[PDB]
2 protein chains.
Amino acid sequence: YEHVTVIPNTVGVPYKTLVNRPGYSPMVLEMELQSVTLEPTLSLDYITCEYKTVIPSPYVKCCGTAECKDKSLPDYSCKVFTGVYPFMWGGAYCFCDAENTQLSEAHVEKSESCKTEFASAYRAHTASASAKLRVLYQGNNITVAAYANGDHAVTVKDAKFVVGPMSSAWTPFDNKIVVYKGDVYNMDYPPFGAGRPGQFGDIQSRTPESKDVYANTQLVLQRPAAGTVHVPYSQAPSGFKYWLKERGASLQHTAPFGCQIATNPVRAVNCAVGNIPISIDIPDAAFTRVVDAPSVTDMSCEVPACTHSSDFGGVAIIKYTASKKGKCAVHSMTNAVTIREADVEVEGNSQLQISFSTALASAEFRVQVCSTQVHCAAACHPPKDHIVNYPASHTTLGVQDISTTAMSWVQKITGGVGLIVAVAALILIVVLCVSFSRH
Amino acid sequence: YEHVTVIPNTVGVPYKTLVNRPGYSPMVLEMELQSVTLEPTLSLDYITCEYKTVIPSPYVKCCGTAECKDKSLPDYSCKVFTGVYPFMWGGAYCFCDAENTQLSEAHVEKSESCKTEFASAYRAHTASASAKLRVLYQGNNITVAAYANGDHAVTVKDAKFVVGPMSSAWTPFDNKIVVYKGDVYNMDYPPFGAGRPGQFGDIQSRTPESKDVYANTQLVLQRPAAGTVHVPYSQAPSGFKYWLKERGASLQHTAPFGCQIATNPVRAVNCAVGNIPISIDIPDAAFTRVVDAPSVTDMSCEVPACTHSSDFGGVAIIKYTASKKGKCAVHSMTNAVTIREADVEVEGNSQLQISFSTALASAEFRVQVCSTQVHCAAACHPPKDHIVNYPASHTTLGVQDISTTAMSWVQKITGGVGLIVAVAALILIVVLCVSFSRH
Ligand SMILES: *[C@@H]1O[C@H](CO)[C@@H](O)[C@H](O)[C@H]1NC(C)=O
Ligand SMILES: *[C@@H]1O[C@H](CO)[C@@H](O)[C@H](O)[C@H]1NC(C)=O
Ligand SMILES: *[C@@H]1O[C@H](CO)[C@@H](O)[C@H](O)[C@H]1NC(C)=O
Ligand SMILES: *[C@@H]1O[C@H](CO)[C@@H](O)[C@H](O)[C@H]1NC(C)=O
């Protein structure tokens, strides 16, 4: 037997559904959603880290001319200076006091620490979805897990379950994301091979194990100070450290709809969007014939209390006469009132007690117990507590939900006004006809 | 200095573009596209292979009653038969002649061969693209390779190249594909856990190394024959072998646009759709000043032959006087005529020879040689060969492209008819004016 239902995407709230098959007693199922997860598909682009500067010992040539050649190393620079006269701790180094030169050079390499301290950029694509459910079936709790689409099915206790697809494709991730030790940021990083001297992306490589490194820092050699041997230079500071000090709030704290974020692997969970259809296949052996179930012949209802708070603040007592001992199901016949208890045991001549919640200021509803129905009514009072720590268990109201006292006042005024118009209209009709016929 | 061009997505055809910078001599570049590759993103769903049936020795209990219990193994079946009287080579087995029973059972397992002979299903997502180019630059051939989007650049001989994005998103793959040893098919395979007894997907698993196996075959035990010991059964044949004998043609033979396919990894090659923009950055050192290049003062043109075939069927001779020896670039000033030669050498007083192709029945064009212009004209004859083995090297013609003889005939006929109308109008006007004034 095929049954189809729809459940809204709310975590931590039970829902009930009624199964009705001709010739058999009705059955009621209860379901609760525990978790929903989305998972995107990623592709790596490049990584960044710190740089190192390498400077060899200088070469000083006095009373001769020095020169140097070009090299293929990254950010290579070479310059020759004239007029030097270096000193050491023991006196002047060379005999010649004029026509001296000095040669200096430097280049840039990748830091050893990049194996541990680094950041990576990813390109994002369409995400998948999965869900986990609890089902109350034949008085026992069972669990299922499945992908949230139509291409998967599971079987538990000879019942088949299919879930999905989801009604919405909203995703909290952009096309370009950056991940660093548990944080995810939305950032439009610069193209590969087009970096900047003082921002994110000054050093680029494809993978931590590669040898090919790109750099776009500035490096200029300067004239040495008189009497000292050293190699001064000017260079722009590393951009990676600058980012760490100003990167700001992470995606976890700013995302809408209450989503939570994880990074290993990247995930987003419990996003409160849309609804999820469900389909169940129930085997024939689960049903009991109407000739075997007990019958109930007489009912009455009273309601001693009602407060329309967010919780189960209502109680009702129903009297019954049963023909024999057995089990019976209970279900509400309205949408504005929910009943907590799923079933009862009936015997002889006695009474049963149930609890309910509702938002109505004046409540009227019907309750069905083993194929018969009873009418209940009561008035409800407001609560006193301004703020609570949990969501409500009931649906919202519409324009039709009005107190019976207010409805009476509306009818009286509208009727009265209509009567004045109706009488005046009749007078005009009579006068016109008399004039017509007299002429 | 930036230069932006567009080249159509056709493999094996050269194209030329003109770079013109005030103060410097013009430069001509030539480019050719060698290959384009598309690569989709895949995820694995399930695999299929062959099945095995396991049957242990039967147990026979004569003049006693056998029984058996249920087990959790896939497709487990158990039955008891009465009234057996087995024989063996040496005589009847048991002393009792009546009240004998036999117990039989079987179950289904996964074949050992599944490690080598199997098929896999994938879900497809948005593909990436890459390209390989040849460039003629500074008189030498260089090559580049890049991703076909705006997020990548390369540097060769101090020139920067950016290629892409593509103008079209057409992809030859569907959402669901199946791959088997080099063949790719589009197939809507059944969902997991919902197979059929005689079709593709009767046995399913998640990965070749899994222990969890699903099967939906039929297996029924039958009564044994009199006087023998055996275990007959009825079972549906394997669906996997049926597919292999009936799978039909693969995408490589049926796909549109002439696309080629490879499977390791899955790729589509040389699909002829759309066009590709390109941007180049040329350094200043490559340019030569107009004061240093030679000048040409006198030009003439003679064209001894032209046949407008698909190949280069035209020849022209140009006369020149040059101020000094040097290099010179040539370029066509029209769209309907393409010139094969990119550069010439000029010295003294001499002549040069060029070749061209066009579809025009009557050709007229200008040629630029070192910043001067020469005018050429000719009539062309048709070819005699019906079919060739290569695409044309020239553009198509429009409605305005008409031979000079036909144009003269059209003008004469239209002019004559128009003159007759003009005269008749004048006569009518004068007569009407006379009547107006006289009345
Ligand atoms: C731990 O160290 C390994 C290398 O030894 C590195 O790959 C990894 O990112 C480190 N993890 C953390 C949390 O620092
Ligand atoms: C298990 O079922 C019982 C009813 O017999 C119910 O009270 C309980 O909440 C269920 N367990 C969970 C975790 O919901
Ligand atoms: C070769 O055999 C291995 C297993 O031994 C299998 O995984 C692979 O697909 C085979 N390749 C071909 C081309 O048959
Ligand atoms: C390579 O350059 C030469 C000129 O030096 C040219 O003739 C040749 O056609 C080029 N190669 C290709 C494949 O076009």
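Each position is counted from 1, following the chain as shown.
The header says electron microscopy, 3.1 Å.
Each residue, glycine too, has its Cβ placed from N, Cα and C.
Look at Swiss-Prot and you will find A:8-415 tagged as topological domain 'Extracellular', backed by sequence analysis. For A:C49-A:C114, A:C62-A:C94, A:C63-A:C96, A:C68-A:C78, A:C259-A:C271, A:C301-A:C376, A:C306-A:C380, A:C328-A:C370, the entry in Swiss-Prot reads disulfide bond. Residues or ranges marked as region 'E1 fusion peptide loop' in Swiss-Prot: A:84-101. The feature N-linked glycosylation site is assigned by Swiss-Prot to A:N141, A:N270, with similarity to another entry given as support. Residues or ranges marked as transmembrane segment in Swiss-Prot: A:416-436. What Swiss-Prot records for A:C433 is S-palmitoyl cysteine. Feature annotation from Swiss-Prot assigns S-stearoyl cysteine to A:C433; the stated evidence is similarity to another entry.
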Exercise. Where among the disulfide-bonded residues A:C49, A:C63, A:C271, A:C380 do you find the Cβ with the fewest other Cβ atoms within 10 Å?
Worked result: A:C63
Problem set entry | Neighbour tally for A:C114 (disulfide bond), based on other Cβ positions within 10 Å of its Cβ | 19
Exercise. Relative to the Cβ position of A:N270 (N-linked glycosylation site), how many further Cβ atoms are located within 10 Å?
Worked result: 17
Problem set entry | Rounded inter-Cα distance in Å - A:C370 (disulfide bond), A:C62 (disulfide bond) | 113
Exercise. Using a 10 Å radius around each Cβ and counting other Cβ atoms from all shown chains, which of the disulfide-bonded residues A:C301, A:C328 yields the largest count?
Worked result: A:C328
Problem set entry | Cα-Cα distance linking A:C62 (disulfide bond) and A:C96 (disulfide bond), given in Å to the nearest integer | 6
Exercise. For A:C271 (disulfide bond), what is the secondary structure by DSSP, using just helix, strand and coil?
Worked result: coil
Problem set entry | disulfide-bonded residues: A:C96, A:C259 - member with fewest neighbouring CB atoms within 10 Å | A:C96
Problem set entry | Between A:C114 (disulfide bond) and A:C78 (disulfide bond): CA-CA distance (Å) | 28
Problem set entry | Listed disulfide-bonded residues with Cβ under 6 Å from ligand 2, out of A:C62, A:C63, A:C78, A:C94, A:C96, A:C380 | none
Problem set entry | Residues of the region 'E1 fusion peptide loop' (A:84-101) by DSSP state, where helix covers H, G and I | 0 helix, 5 strand, 13 coil
Exercise. Over all shown protein chains, what is the count of other CB atoms within 10 A of the CB belonging to A:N141 (N-linked glycosylation site)?
Worked result: 10
For this session: Give the three-state DSSP assignment (helix, strand or coil) for A:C114 (disulfide bond).
Result: helix
Exercise. Which ones in the same chain are close to A:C94 (disulfide bond), with CB under 8 Å and 6+ residues apart in sequence?
Worked result: A:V60, A:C62, A:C63, A:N100
Seminar exercise, completed: Smallest number of other CB atoms within 10 Å: among the recorded positions A:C62, A:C78, A:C306, A:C433, that is A:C433
Exercise. Fewest other CB within 10 angstroms, which one of the disulfide-bonded residues A:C68, A:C370, A:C376?
Worked result: A:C68
For this session: Find the one among the recorded positions A:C49, A:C114, A:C433 whose C-alpha lies closest to that of A:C380 (disulfide bond).
Result: A:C433
